[PDB]
Amino acid sequence: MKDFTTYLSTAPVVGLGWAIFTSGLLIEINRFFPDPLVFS
Amino acid sequence: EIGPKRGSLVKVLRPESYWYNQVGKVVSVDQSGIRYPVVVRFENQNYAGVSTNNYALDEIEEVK
Amino acid sequence: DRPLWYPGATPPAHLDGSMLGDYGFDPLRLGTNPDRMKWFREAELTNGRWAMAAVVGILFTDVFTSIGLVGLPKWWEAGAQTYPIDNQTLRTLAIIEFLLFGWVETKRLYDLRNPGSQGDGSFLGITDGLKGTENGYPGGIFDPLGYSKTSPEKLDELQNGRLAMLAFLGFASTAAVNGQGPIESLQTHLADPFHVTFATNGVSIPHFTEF
Amino acid sequence: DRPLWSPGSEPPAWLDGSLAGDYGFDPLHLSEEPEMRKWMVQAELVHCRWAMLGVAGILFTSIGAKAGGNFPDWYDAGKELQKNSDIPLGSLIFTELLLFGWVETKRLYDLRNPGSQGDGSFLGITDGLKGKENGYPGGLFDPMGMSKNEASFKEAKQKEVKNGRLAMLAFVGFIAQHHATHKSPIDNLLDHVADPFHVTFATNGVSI
Amino acid sequence: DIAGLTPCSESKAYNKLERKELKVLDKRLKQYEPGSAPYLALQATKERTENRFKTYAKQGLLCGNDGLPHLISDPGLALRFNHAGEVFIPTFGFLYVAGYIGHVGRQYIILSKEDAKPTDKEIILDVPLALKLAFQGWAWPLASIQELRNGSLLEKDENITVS
Amino acid sequence: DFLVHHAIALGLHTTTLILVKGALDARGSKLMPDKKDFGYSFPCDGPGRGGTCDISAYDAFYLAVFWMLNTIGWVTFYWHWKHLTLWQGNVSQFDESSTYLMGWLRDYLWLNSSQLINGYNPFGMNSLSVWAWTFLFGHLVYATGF
Amino acid sequence: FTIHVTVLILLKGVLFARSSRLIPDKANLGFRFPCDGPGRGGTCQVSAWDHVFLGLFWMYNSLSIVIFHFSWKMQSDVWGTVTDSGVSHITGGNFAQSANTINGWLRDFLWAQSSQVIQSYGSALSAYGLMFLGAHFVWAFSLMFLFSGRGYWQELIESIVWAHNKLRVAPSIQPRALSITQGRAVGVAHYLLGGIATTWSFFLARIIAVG
Ligand code: CHL
Ligand code: CLA
Ligand code: CLA
Ligand code: CLA
Ligand SMILES: CC(=C/C=C/C=C(C)/C=C/C=C(C)/C=C/[C@@]12O[C@]1(C)C[C@@H](O)CC2(C)C)/C=C/C=C(C)/C=C/[C@@]12O[C@]1(C)C[C@@H](O)CC2(C)C
Ligand SMILES: CC1=C(C/C=C(\C)CCC[C@H](C)CCC[C@H](C)CCCC(C)C)C(=O)c2ccccc2C1=O
Ligand code: SF4
């Protein structure tokens with residue numbers, strides 16, 4: 001398990017988790033709050 | 001003793017070198033009158049892949 | 001060191017040393033370098049001291065307002081009530097506020113840089129009174145009540161000052177989604193606590209679940 | 001030296017047998033490290049203790065509903081009780097989230113640092129509010145002296161876990177045989193006792 | 001107004017563009033039945049489109065002769081004519097986020113280089129350390145000016161040159 | 001017109017980068033501390049040191065010409081279309097369609113290449129046949145350089 | 001013509017892989033190597049790997065016309081709607097007259113059949129209009145890698161490393177420009193992807209919107 005967690009700490013695996021976060025965050029912020037252009 | 005101490009870090013002053021104004025460990029020093037006795041080892045590789053090079057007394061100076 | 005903001009196991013690194021209102025609260029480690037920790041300390045005071053004297057104008061007056069003794073306006077619309085008055089003082093107030101503070105504050109700015117640095121003949125004749133005991137705690141400004149040896153009445157100055165800094169942040173936020181004053185917001189939480197809150201009525205969260 | 005989940009299988013090296021409810025069951029090699037093992041035993045117990053506390057609430061109401069009392073199904077109970085309540089939703093949530101953040105956070109820092117909450121900061125309480133073990137506190141959460149004996153405390157830990165594993169399996173049952181029958185658990189029981197051979201999962205019209 | 005631009009509320013082409021984009025959906029909506037899912041999907045798109053147009057008008061935007069909204073960049077005209085949310089304010093919303101990424105990556109680089117084998121720490125990250133710095137960077141402008149005024153931000157002629 | 005004047009700025013600042021670099025790093029680089037001994041134009045220093053293809057200052061000028069032509073192309077495409085809409089009377093063509101790149105491909109290139117391409121049709125030939133022939137002649141010479 | 005040539009590039013690489021007159025010892029250098037050196041007037045792209053890298057460009061030029069042959073022939077002479085009086089083909093049977101000229105391939109195939117792709121904005125085929133453009137970007141983007149060389153880029157990174165070094169934010173993994181063979185591979189990849197994806201958009205949008 002120590003080696004499994006180490007594999008998960010590699011660059012591409014951590015980058016995958018980053019991408020799902022930043023992408024899912026932006027999408028759900030466009031799912032709700034649709035079409036922002038001017039900021040109030 | 002002719003030159004810097006074993007295991008001592010020194011800064012390079014060859015303008016040609018990849019390691020210029022950079023620091024490296026002194027691996028050894030020869031006291032037989034050679035022109036470039038001081039052997040130095042760096043962690044970072046050069047463009048070819050070599051991490052050591054023999055420098056001179058005047059070309060090296062104290063760290064930082 | 002006074003007690004810890006977490007009761008349990010949050011070791012601070014540089015706050016074990018003496019300082020006022022030390023509760024070991026610096027997660028972001030913005031007070032590592034001592035030179036700028038010395039600067040942020042004075043910032044907590046000028047914000048603390050200023051915020052408290054400000055909160056009274058919102059608090060001491062609105063209590064008298066809700067009871068009905070005086071008919072003063074609320075802080076969220078006190079500014080638009082002054083200038084329409086016939087005898088008014090239209091906005092040369094922003095600049096005079098800066099010309100007057102600019103004289104005092106730079107005298108305070110040059111004190112932190114050079115402590116006790118007020119020359120002999122610089123001011124008319126009161127050059128001696130302007131010297132301070134410490135940074136942030138000068139001598140000749142207070143007339144009584146600063147000769148004790150256990151000087152930490154200062155802890156009261158901070159715990160009261162940090163508290164007021166929360167007040168104005170709550171006044172400004174309450175007065176942006178509730179639409180009413182601070183005391184009017186209090187009379188409602190007492191009359192109907194569960195209905196008037198930041199969750200359901202005060203739109204601080206998008207809660208629309210009608211079922 | 002002890003029973004196991006599958007007789008004859010070599011137990012893992014890290015499961016020595018001291019923990020409560022240890023039968024050598026960890027094929028995924030989880031809790032192989034000490035720190036994760038220290039975290040999971042506390043996760044198992046809260047998932048257990050909440051199951052017992054909750055499942056008993058379902059049986060009490062579903063029995064009172066079958067007897068005649070005015071109790072609804074455990075499902076669609078939060079929907080019909082909020083329609084006619086003086087407490088709006090949102091004021092009830094963040095009364096729960098805010099109050100649990102106190103407890104759930106104090107329990108965390110006893111985990112990361114045992115004996116840390118017994119400093120006396122919280123209302124001058126020192127002897128209590130310091131952990132006897134990882135997931136087993138005492139002093140204040142054990143008013144009756146039912147833990148000051150290692151002989152009777154070690155087997156009680158085995159009963160807390162055995163009646164707990166069973167309990168949070170039952171909650172998975174309620175979810176499953178509700179979606180199939182859309183009836184209460186007790187009603188499904190009396191049907192099986194009435195005609196055991198005919199009314200089973202095979203004849204519910206689902207799962208086939 | 002400014003620059004010979006009309007507000008989007010008063011413009012005719014702006015409303016012309018609304019009547020056009022809705023007419024496409026109404027024609028597309030005729031094919032399907034009322035209670036079907038394609039009908040619900042198009043009605044939602046109709047609801048979003050009606051909301052997009054009214055919100056841009058309510059926000060004091062400026063529409064040109066073509067009928068599309070235009071943005072203004074000078075903070076002077078933006079603040080004078082109440083168009084600050086367009087460009088001027090998002091400028092500070094980005095730079096807070098961008099400097100967050102620099103202050104974080106700069107700290108992970110410095111701290112891993114203080115230990116043995118920093119090359120392994122780049123390809124195999126120390127996730128506990130990375131999350132620690134990522135939640136400590138909320139106040140990166142304070143640390144920058146702290147590090148600039150101190151002088152430990154920049155290196156001083158200990159860098160490689162070429163001649 | 002706003003987006004193009006900024007896209008033109010991309011050309012001048014990056015074209016200058018390629019040429020400025022080939023000048024200042026003409027005397028020497030860390031990869032080649034003595035370029036000055038070889039000359040302005042030499043092929044390379046070999047596959048050693050990871051590869052040394054296109055280091056000389058001649059090879060910087062060589063790469064900048066591709067950007068010179070790209071930059072002047074944007075500058076010149078912007079002149080022609082903005083003036084055609086003026087001469088045709090329909091200025092709204094440029095204002096609405098020049099904001100997205102399919103407008104350049106649809107309304108400027110694809111559209112105005114109709115009379116040209118029909119210079120020599122299978123039915124007959126107009127006076128623009130010499131230009132359509134040259135129009136391919138350049139589409140060919142360009143490819144032979146590849 | 002395109003086939004006998006594509007064989008020449010690959011078959012030459014095979015037979016001359018082990019040895020040649022210019023380089024009697026290639027086998028010791030290996031399968032993929034960029035060059036022996038500038039000597040002999042130049043020995044760039046002499047390996048067998050670099051023959052494959054060239055053959056892909058000719059495979060592309062070959063099948064791209066096998067595909068255009070299938071589209072224009074079948075649209076003009078085969079496909080179409082049958083009416084009471086014969087068949088009405090899609091392009092009116094213009095393969096016989098226009099195809100003999102190269103301008104015909106430019107006029108009647110490219111300029112004409114690109115109307116469905118270009119006018120796809122605002123419809124369900126809008127994705128093909130974007131892929132049609134993005135495929136051109138990735139194609140031209142490849143030209144940086146094929147035309148240029150590793151030398152210019154490794155020097156540029158040094159001036160960039162200075163700034164990253166000046167701010168004490170530099171990678172312990174030193175940045176190095178791509179190898180020679182990699183720049184060639186990266187080129188043909190982004191090249192073929194952009195060349196092939198353009199047809200994939202030009203065709204499906206043309207044919208789904210029939211005619
Ligand atoms: C030649 C240029 C000169 C400049 C640029 C400054 C700049 C400064 N001095 Mg001097 N000083 C200068 C000359 C001199 N200073 C002094 C003596 C001092 C002292 C003793 C002090 C300063 C301070 C200051 C600061 C004042 C900031 C401020 O409040 O400004 C904003 C602008 C103003 C204050 C001007 C306002 C206009 C005004 C005077 C109008 C007067 C009419 C009345 C208002 C009418 C009454 C109406 C009633 C109803 C209100 C600033 C750093 C202070 C400081 O920070 O020290 C560290 C300070 O304590 N200066 C002398 C005599 C030796 C000078 C001789 O040339
Ligand atoms: C720190 C002092 C303080 C106090 C006493 C109050 C009190 C109150 N706020 Mg308030 N508020 C504060 C700060 C404070 N606020 C700050 C700093 C903000 C900005 C984040 C807000 C934002 C806010 C909104 C948006 C709303 C209220 C509302 C209310 C009222 C109903 C309770 C509620 O919604 O939960 C309060 C919810 C919070 C998130 C703040 C609680 C957290 C504080 C910091 C804990 C402090 C501990 C303890 C209470 C201190 C005791 C002090 C006491 C003995 C004097 C009540 C009078 C509601 C209203 O409409 O009033 C009728 C409402 O809609 N508040
Ligand atoms: C399954 C197939 C597969 C694929 C598609 C990749 C793809 C990649 N690997 Mg890789 N890898 C694989 C299997 C694979 N690997 C296996 C089996 C191992 C053995 C465990 C490794 C071990 C490995 C190491 C040790 C490293 C990579 C790295 C990389 C990346 C190259 C660096 C780069 O161009 O970004 C350059 C990036 C920057 C200059 C700045 C950071 C911004 C990035 C792009 C954001 C994160 C991207 C994210 C990972 C994308 C999601 C994953 C994607 C494939 C869907 C690239 C994304 C390197 C890396 O750092 O990955 C990010 C690296 O150091 N790989
Ligand atoms: C979330 C609840 C939970 C948690 C945290 C644990 C935790 C633990 N159990 Mg435990 N257990 C549970 C539920 C749980 N159990 C249930 C319900 C049963 C009865 C079926 C058991 C029966 C059991 C035995 C017999 C033994 C353990 C053991 C252990 C320990 C060894 C490491 C391990 O596997 O844990 C790591 C656990 C997790 C990371 C949780 C993962 C949860 C997954 C993602 C859910 C999978 C869904 C599942 C496939 C479908 C559910 C429906 C199903 C009922 C049809 C550890 C303390 C062993 C031990 O050392 O004793 C102390 C041991 O011998 N457990
Ligand atoms: C099955 C379960 C349930 C937790 C279950 C969690 C539980 C039971 C807590 C539930 C909350 C409750 C019951 C409250 C409910 C109510 O509030 C409402 C919602 C509705 C109201 O009507 C009534 C009341 C009661 C008020 C746990 C499952 C975990 C398992 C099997 C883990 C397996 C592993 O770890 C090991 C063992 C080792 C490996 O070999 C296999 C793996 C996979 C690696
Ligand atoms: C450009 C170029 C380079 C430089 C190219 C490099 C250094 C490759 C750059 C790879 C980057 C780092 C990949 C990542 C790119 C983006 C950051 C990915 C987007 C990620 C965001 C979404 C976060 C060469 O080294 C070269 C060598 C030989 C012949 C031609 C060339 C050549 O043309
Ligand atoms: S690096 Fe360039 S110049 Fe040198 S041998 Fe290879 S192709 Fe020839």
# chains A, B, ... in the order shown; residues from 1 in each chain; ligands from 1

call {"tool": "residues_near_ligand", "arguments": {"ligand": "ligand 5", "cutoff": "6 Å", "atoms": "only C-alpha atoms and all ligand atoms", "output": "VMD selection string"}}
result
chain D and resid 25 to 28 47 50 to 51 54 to 55 57 to 58 74 to 75 77 168 to 169 171 to 172

call {"tool": "write_last_selection", "arguments": {"atoms": "N, CA and C atoms", "output": "short mmCIF file (atom, residue, chain, number, x, y, z; two decimals), in the first residue's frame"}}
result
data_model
loop_
_atom_site.label_atom_id
_atom_site.label_comp_id
_atom_site.auth_asym_id
_atom_site.auth_seq_id
_atom_site.Cartn_x
_atom_site.Cartn_y
_atom_site.Cartn_z
N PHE D 25 -9.39 -10.19 7.87
CA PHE D 25 -10.15 -9.85 6.67
C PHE D 25 -9.66 -8.51 6.12
N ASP D 26 -8.72 -8.57 5.20
CA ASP D 26 -8.25 -7.38 4.52
C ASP D 26 -7.51 -7.77 3.25
N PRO D 27 -8.21 -8.27 2.23
CA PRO D 27 -7.53 -8.64 0.98
C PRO D 27 -6.96 -7.47 0.22
N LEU D 28 -7.51 -6.28 0.36
CA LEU D 28 -7.01 -5.10 -0.34
C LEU D 28 -5.79 -4.49 0.34
N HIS D 47 -19.22 4.54 12.11
CA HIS D 47 -20.17 3.96 11.16
C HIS D 47 -21.01 2.88 11.84
N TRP D 50 -23.42 4.90 14.76
CA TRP D 50 -24.50 5.62 14.10
C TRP D 50 -25.53 4.66 13.53
N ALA D 51 -25.10 3.46 13.14
CA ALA D 51 -26.03 2.47 12.61
C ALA D 51 -26.96 1.96 13.69
N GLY D 54 -29.41 4.61 14.70
CA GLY D 54 -30.37 4.93 13.66
C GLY D 54 -31.34 3.81 13.40
N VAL D 55 -30.83 2.59 13.30
CA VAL D 55 -31.68 1.45 12.98
C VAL D 55 -32.71 1.23 14.07
N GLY D 57 -34.05 3.53 15.73
CA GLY D 57 -35.07 4.53 15.49
C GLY D 57 -36.07 4.11 14.43
N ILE D 58 -35.63 3.29 13.48
CA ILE D 58 -36.52 2.84 12.42
C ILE D 58 -37.44 1.75 12.93
N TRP D 74 -39.77 5.18 7.43
CA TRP D 74 -38.45 5.78 7.62
C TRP D 74 -38.03 6.55 6.38
N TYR D 75 -38.33 6.02 5.20
CA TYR D 75 -38.26 6.77 3.97
C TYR D 75 -39.42 7.76 3.93
N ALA D 77 -39.92 10.44 5.41
CA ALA D 77 -40.27 11.01 6.70
C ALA D 77 -39.79 12.44 6.87
N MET D 168 -25.21 -2.32 10.53
CA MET D 168 -25.09 -1.51 9.33
C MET D 168 -25.23 -2.37 8.07
N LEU D 169 -25.28 -3.69 8.23
CA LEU D 169 -25.81 -4.53 7.16
C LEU D 169 -27.32 -4.40 7.07
N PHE D 171 -29.14 -1.82 7.73
CA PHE D 171 -29.50 -0.57 7.07
C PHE D 171 -29.42 -0.70 5.56
N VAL D 172 -28.49 -1.52 5.07
CA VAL D 172 -28.45 -1.80 3.64
C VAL D 172 -29.65 -2.65 3.25
#

call {"tool": "closest_atom_pairs", "arguments": {"of": "chain D", "to": "chain C", "cutoff": "10 Å", "atoms": "only C-alpha atoms", "output": "JSON lines"}}
result
{"residue": "D:78", "atom": "CA", "partner": "C:211", "partner_atom": "CA", "distance": 9.5}
{"residue": "D:79", "atom": "CA", "partner": "C:211", "partner_atom": "CA", "distance": 6.5}
{"residue": "D:80", "atom": "CA", "partner": "C:211", "partner_atom": "CA", "distance": 8.5}
{"residue": "D:82", "atom": "CA", "partner": "C:211", "partner_atom": "CA", "distance": 7.7}
{"residue": "D:83", "atom": "CA", "partner": "C:211", "partner_atom": "CA", "distance": 6.8}
{"residue": "D:86", "atom": "CA", "partner": "C:194", "partner_atom": "CA", "distance": 7.8}
{"residue": "D:87", "atom": "CA", "partner": "C:194", "partner_atom": "CA", "distance": 5.7}
{"residue": "D:88", "atom": "CA", "partner": "C:195", "partner_atom": "CA", "distance": 6.4}
{"residue": "D:89", "atom": "CA", "partner": "C:200", "partner_atom": "CA", "distance": 7.0}
{"residue": "D:90", "atom": "CA", "partner": "C:199", "partner_atom": "CA", "distance": 5.1}
{"residue": "D:91", "atom": "CA", "partner": "C:199", "partner_atom": "CA", "distance": 5.8}
{"residue": "D:92", "atom": "CA", "partner": "C:194", "partner_atom": "CA", "distance": 8.0}
{"residue": "D:93", "atom": "CA", "partner": "C:199", "partner_atom": "CA", "distance": 8.8}
{"residue": "D:94", "atom": "CA", "partner": "C:199", "partner_atom": "CA", "distance": 7.5}
{"residue": "D:95", "atom": "CA", "partner": "C:194", "partner_atom": "CA", "distance": 9.6}
{"residue": "D:105", "atom": "CA", "partner": "C:6", "partner_atom": "CA", "distance": 9.7}
{"residue": "D:106", "atom": "CA", "partner": "C:8", "partner_atom": "CA", "distance": 7.7}
{"residue": "D:107", "atom": "CA", "partner": "C:8", "partner_atom": "CA", "distance": 9.9}
{"residue": "D:108", "atom": "CA", "partner": "C:8", "partner_atom": "CA", "distance": 9.3}
{"residue": "D:109", "atom": "CA", "partner": "C:8", "partner_atom": "CA", "distance": 5.8}
{"residue": "D:110", "atom": "CA", "partner": "C:8", "partner_atom": "CA", "distance": 7.4}
{"residue": "D:112", "atom": "CA", "partner": "C:9", "partner_atom": "CA", "distance": 7.8}
{"residue": "D:113", "atom": "CA", "partner": "C:9", "partner_atom": "CA", "distance": 6.2}
{"residue": "D:114", "atom": "CA", "partner": "C:8", "partner_atom": "CA", "distance": 9.0}
{"residue": "D:115", "atom": "CA", "partner": "C:8", "partner_atom": "CA", "distance": 8.6}
{"residue": "D:116", "atom": "CA", "partner": "C:8", "partner_atom": "CA", "distance": 4.9}
{"residue": "D:117", "atom": "CA", "partner": "C:8", "partner_atom": "CA", "distance": 5.5}
{"residue": "D:118", "atom": "CA", "partner": "C:8", "partner_atom": "CA", "distance": 8.7}
{"residue": "D:119", "atom": "CA", "partner": "C:7", "partner_atom": "CA", "distance": 7.5}
{"residue": "D:120", "atom": "CA", "partner": "C:7", "partner_atom": "CA", "distance": 8.7}
{"residue": "D:121", "atom": "CA", "partner": "C:7", "partner_atom": "CA", "distance": 6.3}
{"residue": "D:122", "atom": "CA", "partner": "C:7", "partner_atom": "CA", "distance": 7.6}

call {"tool": "write_last_selection", "arguments": {"atoms": "C-alpha atoms", "output": "short mmCIF file (atom, residue, chain, number, x, y, z; two decimals), in the first residue's frame"}}
result
data_model
loop_
_atom_site.label_atom_id
_atom_site.label_comp_id
_atom_site.auth_asym_id
_atom_site.auth_seq_id
_atom_site.Cartn_x
_atom_site.Cartn_y
_atom_site.Cartn_z
CA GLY D 78 -38.20 14.17 6.32
CA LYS D 79 -40.56 15.34 3.59
CA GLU D 80 -43.86 15.11 5.48
CA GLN D 82 -40.98 19.49 7.41
CA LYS D 83 -44.20 20.56 5.66
CA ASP D 86 -42.10 25.86 12.65
CA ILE D 87 -38.37 25.33 11.94
CA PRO D 88 -37.49 26.03 8.28
CA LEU D 89 -34.98 23.94 6.40
CA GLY D 90 -31.60 25.69 6.41
CA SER D 91 -31.94 26.88 9.97
CA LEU D 92 -32.15 23.21 10.97
CA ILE D 93 -29.21 22.09 8.84
CA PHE D 94 -26.66 24.67 9.98
CA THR D 95 -27.77 24.12 13.56
CA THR D 105 -13.25 18.45 15.44
CA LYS D 106 -12.39 17.71 19.06
CA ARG D 107 -12.52 13.99 18.30
CA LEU D 108 -10.10 14.61 15.44
CA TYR D 109 -7.40 16.21 17.58
CA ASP D 110 -7.58 13.43 20.15
CA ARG D 112 -3.87 13.23 15.95
CA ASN D 113 -2.71 13.86 19.54
CA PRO D 114 -4.02 11.64 22.36
CA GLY D 115 -4.64 13.30 25.71
CA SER D 116 -4.65 16.76 24.16
CA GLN D 117 -8.20 17.83 25.00
CA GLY D 118 -7.71 17.11 28.71
CA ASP D 119 -5.59 20.23 29.24
CA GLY D 120 -8.45 21.88 31.14
CA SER D 121 -9.16 24.61 28.60
CA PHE D 122 -12.76 23.56 27.91
#

call {"tool": "residues_around", "arguments": {"residues": "segment 22-39 of chain E", "least_positions_apart": "5", "cutoff": "12 Å", "atoms": "only C-alpha atoms", "output": "ChimeraX atom specification"}}
result
/E:15-17,44-53 /G:122-124

call {"tool": "residues_near_ligand", "arguments": {"ligand": "ligand 6", "cutoff": "7 Å", "atoms": "only C-alpha atoms and all ligand atoms", "output": "VMD selection string"}}
result
chain G and resid 144 to 146 148 to 150 153 to 154 176 to 180 182 to 184

call {"tool": "residues_near_ligand", "arguments": {"ligand": "ligand 4", "cutoff": "8 Å", "atoms": "only C-alpha atoms and all ligand atoms", "output": "PyMOL selection string"}}
result
chain D and resi 4-5+15+17+19-32+37+39-45+47-48+165-166+168-169+172

call {"tool": "write_last_selection", "arguments": {"atoms": "N, CA and C atoms", "output": "short mmCIF file (atom, residue, chain, number, x, y, z; two decimals), in the first residue's frame"}}
result
data_model
loop_
_atom_site.label_atom_id
_atom_site.label_comp_id
_atom_site.auth_asym_id
_atom_site.auth_seq_id
_atom_site.Cartn_x
_atom_site.Cartn_y
_atom_site.Cartn_z
N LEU D 4 -11.24 -17.36 11.85
CA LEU D 4 -10.98 -16.52 10.69
C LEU D 4 -12.19 -16.54 9.77
N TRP D 5 -12.21 -15.59 8.84
CA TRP D 5 -13.36 -15.44 7.96
C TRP D 5 -13.46 -16.60 6.97
N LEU D 15 -2.45 -7.74 11.03
CA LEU D 15 -3.57 -8.05 11.91
C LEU D 15 -3.10 -9.08 12.94
N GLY D 17 -4.20 -9.56 16.05
CA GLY D 17 -5.32 -10.12 16.80
C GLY D 17 -5.70 -9.34 18.03
N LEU D 19 -6.87 -6.15 18.08
CA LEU D 19 -8.02 -5.31 17.82
C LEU D 19 -9.31 -6.09 18.04
N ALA D 20 -10.39 -5.34 18.27
CA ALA D 20 -11.68 -5.95 18.50
C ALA D 20 -12.35 -6.30 17.18
N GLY D 21 -12.85 -7.52 17.09
CA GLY D 21 -13.47 -7.99 15.87
C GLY D 21 -12.48 -8.18 14.75
N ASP D 22 -11.38 -8.88 15.05
CA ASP D 22 -10.32 -9.16 14.09
C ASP D 22 -10.44 -10.61 13.66
N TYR D 23 -10.74 -10.82 12.38
CA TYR D 23 -10.83 -12.14 11.78
C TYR D 23 -9.95 -12.29 10.55
N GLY D 24 -8.92 -11.46 10.43
CA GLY D 24 -8.00 -11.56 9.31
C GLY D 24 -8.65 -11.29 7.97
N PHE D 25 -9.39 -10.19 7.87
CA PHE D 25 -10.15 -9.85 6.67
C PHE D 25 -9.66 -8.51 6.12
N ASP D 26 -8.72 -8.57 5.20
CA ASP D 26 -8.25 -7.38 4.52
C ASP D 26 -7.51 -7.77 3.25
N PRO D 27 -8.21 -8.27 2.23
CA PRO D 27 -7.53 -8.64 0.98
C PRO D 27 -6.96 -7.47 0.22
N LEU D 28 -7.51 -6.28 0.36
CA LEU D 28 -7.01 -5.10 -0.34
C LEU D 28 -5.79 -4.49 0.34
N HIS D 29 -5.28 -5.09 1.41
CA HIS D 29 -4.09 -4.60 2.11
C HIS D 29 -4.30 -3.17 2.63
N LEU D 30 -5.54 -2.81 2.92
CA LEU D 30 -5.82 -1.56 3.61
C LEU D 30 -5.52 -1.72 5.09
N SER D 31 -5.20 -0.60 5.73
CA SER D 31 -4.79 -0.61 7.13
C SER D 31 -3.51 -1.43 7.33
N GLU D 32 -2.69 -1.47 6.28
CA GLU D 32 -1.38 -2.08 6.36
C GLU D 32 -0.37 -1.19 7.06
N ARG D 37 -4.34 2.38 9.80
CA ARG D 37 -5.02 1.46 10.71
C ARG D 37 -5.57 2.20 11.92
N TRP D 39 -6.71 5.11 11.81
CA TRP D 39 -7.82 5.92 11.33
C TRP D 39 -9.05 5.08 11.03
N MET D 40 -8.87 3.84 10.59
CA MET D 40 -10.00 3.05 10.13
C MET D 40 -10.79 2.47 11.29
N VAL D 41 -10.11 2.06 12.36
CA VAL D 41 -10.81 1.51 13.52
C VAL D 41 -11.73 2.56 14.12
N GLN D 42 -11.36 3.83 14.01
CA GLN D 42 -12.23 4.90 14.48
C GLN D 42 -13.33 5.19 13.47
N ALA D 43 -13.07 4.91 12.19
CA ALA D 43 -14.11 5.07 11.18
C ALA D 43 -15.12 3.94 11.25
N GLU D 44 -14.66 2.73 11.58
CA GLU D 44 -15.57 1.60 11.67
C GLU D 44 -16.55 1.79 12.81
N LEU D 45 -16.08 2.34 13.93
CA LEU D 45 -16.90 2.41 15.13
C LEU D 45 -17.97 3.48 15.00
N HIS D 47 -19.22 4.54 12.11
CA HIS D 47 -20.17 3.96 11.16
C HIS D 47 -21.01 2.88 11.84
N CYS D 48 -20.46 2.23 12.87
CA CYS D 48 -21.25 1.27 13.64
C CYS D 48 -22.21 1.98 14.58
N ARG D 165 -21.50 -4.45 13.15
CA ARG D 165 -21.41 -4.95 11.78
C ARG D 165 -22.76 -5.45 11.29
N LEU D 166 -23.44 -6.20 12.14
CA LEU D 166 -24.78 -6.69 11.87
C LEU D 166 -25.75 -5.54 11.65
N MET D 168 -25.21 -2.32 10.53
CA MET D 168 -25.09 -1.51 9.33
C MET D 168 -25.23 -2.37 8.07
N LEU D 169 -25.28 -3.69 8.23
CA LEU D 169 -25.81 -4.53 7.16
C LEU D 169 -27.32 -4.40 7.07
N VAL D 172 -28.49 -1.52 5.07
CA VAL D 172 -28.45 -1.80 3.64
C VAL D 172 -29.65 -2.65 3.25
#

call {"tool": "residues_near_ligand", "arguments": {"ligand": "ligand 7", "cutoff": "8 Å", "atoms": "only C-alpha atoms and all ligand atoms", "output": "ChimeraX atom specification"}}
result
/F:43-48,51-54 /G:34-39,42-45,149-150,180

call {"tool": "write_last_selection", "arguments": {"atoms": "C-alpha atoms", "output": "tab-separated table (two decimals), in the first residue's frame"}}
result
chain	number	residue	atom	x	y	z
F	43	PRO	CA	25.20	24.34	-40.50
F	44	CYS	CA	25.66	23.12	-36.92
F	45	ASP	CA	28.19	21.87	-34.37
F	46	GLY	CA	27.05	18.24	-34.57
F	47	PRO	CA	24.69	15.82	-32.86
F	48	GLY	CA	26.67	16.11	-29.64
F	51	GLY	CA	21.86	18.34	-30.82
F	52	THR	CA	22.99	21.65	-32.31
F	53	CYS	CA	20.80	22.08	-35.39
F	54	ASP	CA	19.87	25.67	-36.29
G	34	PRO	CA	19.54	11.85	-36.26
G	35	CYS	CA	22.83	12.22	-38.11
G	36	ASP	CA	26.44	11.15	-38.24
G	37	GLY	CA	27.52	14.76	-38.56
G	38	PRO	CA	27.87	17.79	-40.81
G	39	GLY	CA	30.74	16.12	-42.62
G	42	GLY	CA	25.86	16.62	-44.52
G	43	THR	CA	24.41	13.37	-43.16
G	44	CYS	CA	21.01	14.49	-41.89
G	45	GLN	CA	18.06	12.09	-42.12
G	149	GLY	CA	15.98	22.73	-35.17
G	150	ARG	CA	16.90	21.94	-31.59
G	180	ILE	CA	16.18	15.84	-33.01
